[PDB]
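Next up: a single chain in structure tokens, the form deposited in one PDB entry.
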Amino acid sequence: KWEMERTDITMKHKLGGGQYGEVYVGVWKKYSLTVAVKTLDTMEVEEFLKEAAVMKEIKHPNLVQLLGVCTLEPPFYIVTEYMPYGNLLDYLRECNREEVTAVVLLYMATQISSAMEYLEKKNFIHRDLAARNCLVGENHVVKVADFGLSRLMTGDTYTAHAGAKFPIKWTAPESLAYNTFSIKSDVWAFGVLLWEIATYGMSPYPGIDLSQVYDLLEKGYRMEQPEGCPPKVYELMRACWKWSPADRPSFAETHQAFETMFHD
């Protein structure tokens, strides 16, 4: 149903400086439409198709939309709607802060909590929430992307395979310690994502030794409040980093808090 004919797309240039896979900007000739195209021998086919598959099952204004697949023969294609301003981390880092103000940061957070409220409702789990995995478009629209590790959950947790390796700065302690992933682990990451946004794209736990992060977190260390970050947003941010997953807010609560702030 989603399959398309590779001949349809014209591939113009490579897109990402090598950081996101083999992704090129594409022009769908017959529909006159700019699109992105992720392509894959690179023994990662199993996991590419898994990705192509999950994007068929989800649809939200703040999640990057699949337009079509070529997954009948190689090279395999993933054709998504094109976000002309790229990933959020570099956007924040390169933006004009007179244009991207505190209001715009709040808007970006609200839109992401929207995407995550929807996955939470769908009992899906993203597993790689971070500014580098969000994309920016016209009028400061932000959309969550990169669903390679995403899953529909059979119950309330998913256990990663032995020896899986994770981005530690974004990973919840129970995920580091017990390979346990849940919507509450996605909430932990969201918090770190909020800190990335608050700081216009700074690196979390700057200059800390990764092998000390768990240790520090268990002893209670958490990242300090960024300058300009409002107290309510910092309180919410800290809520996402509660040790016990149960004590963390839901994505519904979080989104309610930002929609309210976005008004007041």
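Numbering starts at 1 and follows the sequence shown. Between two forms, the rigid core is defined as the largest C-alpha subset superposing within 1.5 Å.
Unshown form deposited in another entry; subsequent notes refer to it.
No residue in 172, 78, 192, 145 other than 78 shows a CA shift of 2 angstroms or more between this form and the one not shown after fitting the rigid core. Core-superposed comparison between this form and the one not shown: the C-alpha position of residue 22 differs by no less than 2 Å. A displacement of 2 angstroms or greater separates the C-alpha positions of residue 35 between this form and the one not shown, with the rigid core held in common.
After superposition on the rigid core, the Cα atom of residue 63 is displaced by less than 2 Å between this form and the one not shown. Relative to the displayed conformation, the Cα-Cα distance from residue 88 to residue 150 grows by 3 Å or more in the other form. The gap between the Cα atoms of residue 150 and residue 204 is larger in the other form, by no less than 3 Å, than in this form.
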